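Numbers 38 to 85, 96 to 150, 154 to 299, taken from the entry's author numbering, label the letters of the sequence shown in order. All C-beta atoms, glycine included, are put in the ideal place defined by N, C-alpha and C. Note sheet for the following structure.
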Amino acid sequence: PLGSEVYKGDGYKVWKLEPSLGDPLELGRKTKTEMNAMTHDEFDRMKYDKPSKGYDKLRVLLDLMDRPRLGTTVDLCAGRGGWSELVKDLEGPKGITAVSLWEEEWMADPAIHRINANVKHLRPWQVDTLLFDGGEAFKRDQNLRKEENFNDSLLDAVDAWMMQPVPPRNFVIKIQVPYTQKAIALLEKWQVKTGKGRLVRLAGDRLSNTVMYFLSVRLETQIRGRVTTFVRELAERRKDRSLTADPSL
Ligand SMILES: C[S@@+](CC[C@H](N)C(=O)[O-])C[C@H]1O[C@@H](n2cnc3c(N)ncnc32)[C@H](O)[C@@H]1O
Numbered sequence: 038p039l040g041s042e043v044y045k046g047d048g049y050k051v052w053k054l055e056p057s058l059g060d061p062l063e064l065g066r067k068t069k070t071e072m073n074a075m076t077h078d079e080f081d082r083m084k085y096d097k098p099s100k101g102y103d104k105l106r107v108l109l110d111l112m113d114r115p116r117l118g119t120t121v122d123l124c125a126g127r128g129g130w131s132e133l134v135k136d137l138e139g140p141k142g143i144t145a146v147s148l149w150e154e155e156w157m158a159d160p161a162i163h164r165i166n167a168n169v170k171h172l173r174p175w176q177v178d179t180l181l182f183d184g185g186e187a188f189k190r191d192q193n194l195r196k197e198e199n200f201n202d203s204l205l206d207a208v209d210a211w212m213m214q215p216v217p218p219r220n221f222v223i224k225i226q227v228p229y230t231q232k233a234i235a236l237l238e239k240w241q242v243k244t245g246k247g248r249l250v251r252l253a254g255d256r257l258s259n260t261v262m263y264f265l266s267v268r269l270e271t272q273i274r275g276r277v278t279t280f281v282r283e284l285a286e287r288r289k290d291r292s293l294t295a296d297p298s299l
């Protein structure tokens, strides 16, 4: 009788990702290329109070993490502040520092301490909890290596926060483009560094992006093959939601 433990299953929260064979970089570029070619109708079919929608997403992710106590928290790329606001509701505003580039308007509690800075600039420091929600999708006319390099360059800024002597006990790190060699290598290094970490895909996320999150739950390894499975499955779902199945029936 597994009892209450059943309630911490993945259920409707995240995709099931078992590892599979393949090159994730090549599959990711292939489905991105097909997404850039999609017609207006195809793309639209496939693409579908609180300070933002980030509030509920972080609530899902923290529930997966078994509702940990957060303590001193840095929210990197806080934007409008949905994540920071959820941390405020959970534990008060005193432990949060929001970091973002504003000029996005802050839509969360103004008692929350804010630093108007480029997260690539700040020297890291020691926190109980690290949140990172940076990441940008590029437009369909951009060379693919542009988007990959830009988001790799953001994750490299997170790398200094993860690799410090006392790493964050809790972390929630958005991975905009998880199939680059640098993202996969960074996640493996963070798993070795912390002894923790699982890369998840939220259920209900838009098929029009490849966002995953790295969470400080019990270790789940073979990240490369799980990204491979994620990208292949994402590609098939994009196929099906973009057609327009002809009957034929
Ligand atoms: C998608 S928002 C995150 C939303 C937020 N977590 C919420 O719940 O509302 C990411 C924000 O990071 C900011 N950003 C992008 N690059 C940045 C950088 N290099 N340094 C600091 N902020 C950055 C953008 O302005 C954007 O508003």
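Cβ-heavy atom distance between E154 and ligand 1 below 8 Å?
-> yes
Buried versus exposed, by CB contacts within 10 Å (16 or more), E150 = exposed
Proximity winner among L299, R287, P297, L293, relative to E79 (alpha-carbon distances) | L293
How long is the line joining the alpha carbons of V177 and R291, rounded to whole angstroms?
-> 42 Å
At which residues does the beta strand (DSSP E) containing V222 begin and terminate?
-> 220-225
Alpha carbon to alpha carbon, what distance is there between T179 and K289?
-> 38 Å
How big is the Cα-Cα spacing for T278 and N259?
-> 15 Å
First through last residue of the alpha helix (DSSP H) which encompasses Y102 = Counting along the chain, the unbroken alpha helix (DSSP H) around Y102 starts and ends at 101-111.
Using DSSP bridges, identify the partner residues of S147.
-> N166
Could you pull out every residue in the same chain whose Cβ sits closer than 8 Å to the Cβ of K67, ignoring the five residues on either side in sequence?
-> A285
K239: which of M213, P228, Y263 sits nearest, CA to CA?
-> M213
Close-in-space but distant-in-sequence residues of the same chain around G101 (CB under 6 Å, 5 per side omitted) = Same-chain partners within the cutoff: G129, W130.
Going by the C-beta, is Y263 closer than 8 Å to any heavy atom of ligand 1?
-> no
Within the same chain, show all residues whose beta-carbon is closer than 7 Å to that of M157, passing over the 5 residues directly before and after it, in chain order.
-> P98, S99, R127, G128
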